[PDB]
Amino acid sequence: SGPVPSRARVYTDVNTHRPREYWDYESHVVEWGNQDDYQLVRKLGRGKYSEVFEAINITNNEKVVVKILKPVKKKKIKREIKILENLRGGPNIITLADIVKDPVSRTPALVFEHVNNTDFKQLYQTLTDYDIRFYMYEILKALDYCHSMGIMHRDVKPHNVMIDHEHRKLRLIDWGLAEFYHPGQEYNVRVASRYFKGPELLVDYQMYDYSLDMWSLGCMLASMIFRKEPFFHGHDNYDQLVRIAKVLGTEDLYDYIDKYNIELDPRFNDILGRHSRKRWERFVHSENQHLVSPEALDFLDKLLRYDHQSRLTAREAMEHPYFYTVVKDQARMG
Ligand SMILES: COc1cc(/C=N/n2c(SC)nnc2-c2ccccc2)c(Br)cc1O
Ligand code: NA
């Protein structure tokens with residue numbers, strides 16, 4: 001009475017059909033650049049796994065971003081490097097420019113192209129309906145590409161989407177939680193930011209796939225169009241699913257649990273309670289209505305589904321009428 005298995009609807013066997021060297025990152029041998037090409041300029045941020053700096057390549061005066069890794073097992077480092085190398089050149093995928101050994105920490109430092117990212121407060125006060133559709137389409141191009149390349153991102157969230165708005169430029173960053181998809185594999189559910197975790201994670205269903213990313217993207221869409229970031233604000237992982245259930249309802253949650261024969265802690269049912277499915281229109285107000293259309297709500301509804309198998313793929317999402325004006329704009333002679 002374990003759960004029912006699951007496999008991706010699309011891109012199921014991408015890695016099955018590639019040479020072992022493509023996905024066997026433990027066998028990757030790093031070739032190191034020269035740290036002395038780069039001078040750190042300003043610390044940007046501190047995380048659990050890395051410290052991030054703006055830097056200059058002193059041989060050409062170009063800005064770059066350096067992520068100095070905290071000490072961790074080679075295998076994790078090799079996984080992120082391999083993924084970044086595999087995906088390099090893909091649409092809106094951050095470009096890994098170099099890999100060096102930091103001369104102070106003696107840990108690897110990943111050197112990326114620089115994105116002049118627009119501060120949050122400004123984007124929040126100025127993004128139009130069209131801007132949201134455009135950037136959503138550009139994220140989807142990155143996700144379709146990485147999924148088609150056999151990789152799940154597993155940390156889609158606003159902080160990992162860099163936007164240089166004056167150049168209409170976006171990059172999906174932080175590939176440190178990314179992993180190769182292999183059908184039938186049980187993955188670690190301790191991925192993604194609390195607020196962007198899919199229901200599969202929250203009920204400990206380990207045989208997930210690319211569709212996790214599409215849940216996370218739907219949480220981003222709702223936060224953007226309804227002007228509430230994060231949209232589903234739980235105080236821990238259990239309460240995260242409660243906050244989802246208060247919107248999607250408990251009927252469809254229990255139908256999902258039943259479909260996959262998922263067992264919940266009796267206390268979990270308790271806090272989940274019983275909730276009607278709410279209309280998306282309930283979240284529309286005078287301060288966000290300019291960003292909301294029936295197309296946006298129809299699209300959001302097809303991303304934010306309990307059942308991972310029933311979510312749109314990235315390519316299906318790109319064909320949604322919500323993006324018709326973006327597709328037109330981009331159909332250019334050049
Ligand atoms: C953490 O993984 C990554 C971070 C960044 C940059 N991050 N970042 C920037 S890029 C110009 N600007 N602010 C931050 C930032 C990072 C961590 C905490 C706070 C801010 C890049 Br290019 C690639 C990564 O794989
Ligand atoms: Na240096």
# chains A, B, ... in the order shown; residues from 1 in each chain; ligands from 1

call {"tool": "residues_near_ligand", "arguments": {"ligand": "ligand 1", "cutoff": "10 Å", "atoms": "only C-alpha atoms and all ligand atoms", "output": "ChimeraX atom specification"}}
result
/A:43-55,63-69,80-81,84,93-96,110-119,159-164,171-177

call {"tool": "write_last_selection", "arguments": {"atoms": "C-alpha atoms", "output": "PDB file, in the first residue's frame"}}
result
ATOM      1  CA  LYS A  43      29.057  41.660  -1.981  1.00  0.00           C
ATOM      2  CA  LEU A  44      25.476  41.125  -3.231  1.00  0.00           C
ATOM      3  CA  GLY A  45      24.289  38.422  -0.921  1.00  0.00           C
ATOM      4  CA  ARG A  46      24.909  35.638   1.454  1.00  0.00           C
ATOM      5  CA  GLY A  47      23.214  32.278   1.288  1.00  0.00           C
ATOM      6  CA  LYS A  48      23.615  28.891   2.993  1.00  0.00           C
ATOM      7  CA  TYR A  49      25.573  27.421   0.118  1.00  0.00           C
ATOM      8  CA  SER A  50      27.345  30.433  -1.321  1.00  0.00           C
ATOM      9  CA  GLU A  51      28.417  34.084  -1.096  1.00  0.00           C
ATOM     10  CA  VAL A  52      27.635  36.172  -4.183  1.00  0.00           C
ATOM     11  CA  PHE A  53      29.668  39.158  -5.430  1.00  0.00           C
ATOM     12  CA  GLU A  54      29.719  41.565  -8.310  1.00  0.00           C
ATOM     13  CA  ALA A  55      33.136  41.376  -9.819  1.00  0.00           C
ATOM     14  CA  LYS A  63      31.248  42.918 -15.048  1.00  0.00           C
ATOM     15  CA  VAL A  64      30.542  39.419 -13.911  1.00  0.00           C
ATOM     16  CA  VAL A  65      28.920  37.776 -10.925  1.00  0.00           C
ATOM     17  CA  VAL A  66      30.950  35.378  -8.757  1.00  0.00           C
ATOM     18  CA  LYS A  67      29.338  32.735  -6.606  1.00  0.00           C
ATOM     19  CA  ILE A  68      31.841  31.454  -4.097  1.00  0.00           C
ATOM     20  CA  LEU A  69      30.716  28.038  -2.896  1.00  0.00           C
ATOM     21  CA  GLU A  80      25.434  22.120 -10.715  1.00  0.00           C
ATOM     22  CA  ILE A  81      28.451  22.596 -12.986  1.00  0.00           C
ATOM     23  CA  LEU A  84      25.068  24.666 -16.217  1.00  0.00           C
ATOM     24  CA  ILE A  93      19.493  30.323 -19.155  1.00  0.00           C
ATOM     25  CA  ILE A  94      22.223  32.142 -17.086  1.00  0.00           C
ATOM     26  CA  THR A  95      25.597  31.714 -18.765  1.00  0.00           C
ATOM     27  CA  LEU A  96      28.390  30.141 -16.767  1.00  0.00           C
ATOM     28  CA  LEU A 110      31.390  29.974 -10.392  1.00  0.00           C
ATOM     29  CA  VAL A 111      31.661  33.035 -12.604  1.00  0.00           C
ATOM     30  CA  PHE A 112      28.468  34.115 -14.481  1.00  0.00           C
ATOM     31  CA  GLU A 113      27.518  36.779 -16.978  1.00  0.00           C
ATOM     32  CA  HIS A 114      26.305  39.882 -15.259  1.00  0.00           C
ATOM     33  CA  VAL A 115      22.566  40.857 -15.277  1.00  0.00           C
ATOM     34  CA  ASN A 116      21.758  44.405 -14.240  1.00  0.00           C
ATOM     35  CA  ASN A 117      18.751  43.434 -12.303  1.00  0.00           C
ATOM     36  CA  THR A 118      16.010  45.933 -11.607  1.00  0.00           C
ATOM     37  CA  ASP A 119      15.086  46.409  -7.965  1.00  0.00           C
ATOM     38  CA  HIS A 159      14.616  35.557  -6.475  1.00  0.00           C
ATOM     39  CA  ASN A 160      15.845  33.122  -9.133  1.00  0.00           C
ATOM     40  CA  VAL A 161      14.543  35.058 -12.074  1.00  0.00           C
ATOM     41  CA  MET A 162      16.773  38.061 -12.817  1.00  0.00           C
ATOM     42  CA  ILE A 163      15.242  40.818 -14.919  1.00  0.00           C
ATOM     43  CA  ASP A 164      17.068  43.794 -16.458  1.00  0.00           C
ATOM     44  CA  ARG A 171      17.714  34.944 -16.912  1.00  0.00           C
ATOM     45  CA  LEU A 172      16.785  31.929 -14.816  1.00  0.00           C
ATOM     46  CA  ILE A 173      19.556  31.503 -12.221  1.00  0.00           C
ATOM     47  CA  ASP A 174      20.562  29.260  -9.263  1.00  0.00           C
ATOM     48  CA  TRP A 175      20.787  25.816 -10.605  1.00  0.00           C
ATOM     49  CA  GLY A 176      22.087  24.354  -7.337  1.00  0.00           C
ATOM     50  CA  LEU A 177      18.957  22.329  -6.651  1.00  0.00           C
TER      51      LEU A 177
END

call {"tool": "closest_atom_pairs", "arguments": {"of": "chain A", "to": "ligand 2", "cutoff": "10 Å", "atoms": "only C-alpha atoms and all ligand atoms", "output": "tab-separated table"}}
result
residue	atom	partner	partner_atom_place_in_ligand_line	distance
A:34	CA	ligand 2	1 (Na)	7.7
A:35	CA	ligand 2	1 (Na)	4.2
A:36	CA	ligand 2	1 (Na)	4.0
A:37	CA	ligand 2	1 (Na)	5.8
A:38	CA	ligand 2	1 (Na)	4.2
A:39	CA	ligand 2	1 (Na)	4.9
A:40	CA	ligand 2	1 (Na)	6.9
A:55	CA	ligand 2	1 (Na)	8.9
A:56	CA	ligand 2	1 (Na)	9.2
A:57	CA	ligand 2	1 (Na)	8.8
A:58	CA	ligand 2	1 (Na)	9.1
A:66	CA	ligand 2	1 (Na)	9.8
A:100	CA	ligand 2	1 (Na)	8.6
A:101	CA	ligand 2	1 (Na)	8.8
A:102	CA	ligand 2	1 (Na)	6.9
A:103	CA	ligand 2	1 (Na)	7.0
A:104	CA	ligand 2	1 (Na)	9.3
A:109	CA	ligand 2	1 (Na)	9.8

call {"tool": "residues_around", "arguments": {"residues": "segment 229-234 of chain A", "least_positions_apart": "4", "cutoff": "12 Å", "atoms": "only C-alpha atoms", "output": "ChimeraX atom specification"}}
result
/A:120-121,124,157-159,193-199,202,215-225,238-248,283,304

call {"tool": "select_by_dssp", "arguments": {"residues": "segment 45-259 of chain A", "states": "strand (DSSP E or B)", "output": "VMD selection string"}}
result
chain A and resid 45 to 46 50 to 57 62 to 69 93 96 to 101 108 to 113 151 to 152 161 to 164 169 to 172 179 to 180

call {"tool": "residues_around", "arguments": {"residues": "segment 186-190 of chain A", "least_positions_apart": "4", "cutoff": "9 Å", "atoms": "only C-alpha atoms", "output": "JSON, numbers by chain"}}
result
{"A": [197, 200, 201, 202, 203, 204, 205, 206, 207, 208, 209]}

call {"tool": "write_last_selection", "arguments": {"atoms": "C-alpha atoms", "output": "PDB file, in the first residue's frame"}}
result
ATOM      1  CA  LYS A 197       6.779  23.873  -3.237  1.00  0.00           C
ATOM      2  CA  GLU A 200       3.776  16.533  -4.354  1.00  0.00           C
ATOM      3  CA  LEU A 201       6.607  17.767  -2.119  1.00  0.00           C
ATOM      4  CA  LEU A 202       4.280  18.678   0.697  1.00  0.00           C
ATOM      5  CA  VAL A 203       2.741  15.210   0.843  1.00  0.00           C
ATOM      6  CA  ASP A 204       6.137  13.501   0.400  1.00  0.00           C
ATOM      7  CA  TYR A 205       5.432  12.017  -3.053  1.00  0.00           C
ATOM      8  CA  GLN A 206       8.990  11.367  -4.306  1.00  0.00           C
ATOM      9  CA  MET A 207       8.383  10.200  -7.853  1.00  0.00           C
ATOM     10  CA  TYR A 208       7.891  13.722  -9.230  1.00  0.00           C
ATOM     11  CA  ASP A 209       9.037  15.325 -12.441  1.00  0.00           C
TER      12      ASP A 209
END

call {"tool": "decode", "arguments": {"residues": "segment 160-253 of chain A", "atoms": "C-alpha atoms", "output": "short mmCIF file (atom, residue, chain, number, x, y, z; two decimals), in the first residue's frame"}}
result
data_model
loop_
_atom_site.label_atom_id
_atom_site.label_comp_id
_atom_site.auth_asym_id
_atom_site.auth_seq_id
_atom_site.Cartn_x
_atom_site.Cartn_y
_atom_site.Cartn_z
CA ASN A 160 15.85 33.12 -9.13
CA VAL A 161 14.54 35.06 -12.07
CA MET A 162 16.77 38.06 -12.82
CA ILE A 163 15.24 40.82 -14.92
CA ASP A 164 17.07 43.79 -16.46
CA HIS A 165 13.84 45.60 -17.35
CA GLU A 166 15.27 48.46 -19.45
CA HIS A 167 16.67 45.73 -21.83
CA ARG A 168 13.64 43.41 -21.49
CA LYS A 169 16.21 40.81 -20.50
CA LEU A 170 15.57 37.80 -18.17
CA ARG A 171 17.71 34.94 -16.91
CA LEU A 172 16.79 31.93 -14.82
CA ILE A 173 19.56 31.50 -12.22
CA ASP A 174 20.56 29.26 -9.26
CA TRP A 175 20.79 25.82 -10.60
CA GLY A 176 22.09 24.35 -7.34
CA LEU A 177 18.96 22.33 -6.65
CA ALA A 178 18.56 21.22 -10.32
CA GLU A 179 18.62 17.50 -11.14
CA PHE A 180 18.43 15.13 -14.14
CA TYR A 181 15.09 13.44 -14.64
CA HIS A 182 15.05 9.65 -14.98
CA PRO A 183 11.72 7.91 -15.07
CA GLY A 184 10.87 5.86 -11.99
CA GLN A 185 13.46 7.59 -9.79
CA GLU A 186 12.45 8.73 -6.24
CA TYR A 187 13.75 12.24 -5.66
CA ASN A 188 14.40 14.26 -2.51
CA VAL A 189 11.29 16.36 -1.65
CA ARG A 190 13.39 18.92 0.25
CA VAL A 191 13.62 21.24 -2.78
CA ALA A 192 12.14 24.61 -3.65
CA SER A 193 11.30 27.55 -1.41
CA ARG A 194 8.44 26.78 1.01
CA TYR A 195 6.12 29.12 -0.81
CA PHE A 196 6.78 27.57 -4.25
CA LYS A 197 6.78 23.87 -3.24
CA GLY A 198 4.28 21.75 -5.15
CA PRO A 199 1.75 19.64 -3.37
CA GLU A 200 3.78 16.53 -4.35
CA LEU A 201 6.61 17.77 -2.12
CA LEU A 202 4.28 18.68 0.70
CA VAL A 203 2.74 15.21 0.84
CA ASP A 204 6.14 13.50 0.40
CA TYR A 205 5.43 12.02 -3.05
CA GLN A 206 8.99 11.37 -4.31
CA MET A 207 8.38 10.20 -7.85
CA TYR A 208 7.89 13.72 -9.23
CA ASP A 209 9.04 15.32 -12.44
CA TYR A 210 9.39 18.51 -14.48
CA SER A 211 5.84 19.45 -13.60
CA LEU A 212 7.07 20.57 -10.17
CA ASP A 213 8.52 23.61 -11.93
CA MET A 214 5.15 24.40 -13.48
CA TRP A 215 3.49 24.54 -10.00
CA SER A 216 6.22 26.96 -8.90
CA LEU A 217 5.70 29.05 -12.01
CA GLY A 218 1.97 29.22 -11.36
CA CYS A 219 2.72 30.49 -7.82
CA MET A 220 4.85 33.22 -9.44
CA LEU A 221 2.08 34.13 -11.90
CA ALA A 222 -0.48 34.45 -9.12
CA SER A 223 1.86 36.57 -7.05
CA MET A 224 2.47 38.90 -10.04
CA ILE A 225 -1.09 39.32 -11.31
CA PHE A 226 -2.72 39.56 -7.90
CA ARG A 227 0.16 41.70 -6.41
CA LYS A 228 0.74 39.42 -3.40
CA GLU A 229 4.19 37.89 -3.10
CA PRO A 230 4.28 35.16 -2.06
CA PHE A 231 0.79 34.17 -3.02
CA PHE A 232 0.58 31.07 -0.74
CA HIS A 233 2.28 32.16 2.53
CA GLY A 234 2.51 29.07 4.85
CA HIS A 235 4.38 29.23 8.25
CA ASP A 236 5.92 25.74 7.71
CA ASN A 237 5.54 22.95 5.20
CA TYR A 238 2.39 21.54 6.68
CA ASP A 239 0.69 24.96 6.78
CA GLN A 240 1.84 25.62 3.21
CA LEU A 241 -0.49 22.87 2.03
CA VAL A 242 -3.22 24.32 4.26
CA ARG A 243 -2.84 27.69 2.52
CA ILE A 244 -3.08 25.98 -0.89
CA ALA A 245 -6.17 24.00 0.20
CA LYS A 246 -7.96 27.14 1.34
CA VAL A 247 -7.85 28.28 -2.33
CA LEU A 248 -7.91 25.10 -4.43
CA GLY A 249 -10.23 23.35 -1.98
CA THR A 250 -9.97 20.07 -0.09
CA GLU A 251 -12.21 17.99 -2.46
CA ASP A 252 -9.61 18.03 -5.24
CA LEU A 253 -6.76 17.57 -2.70
#
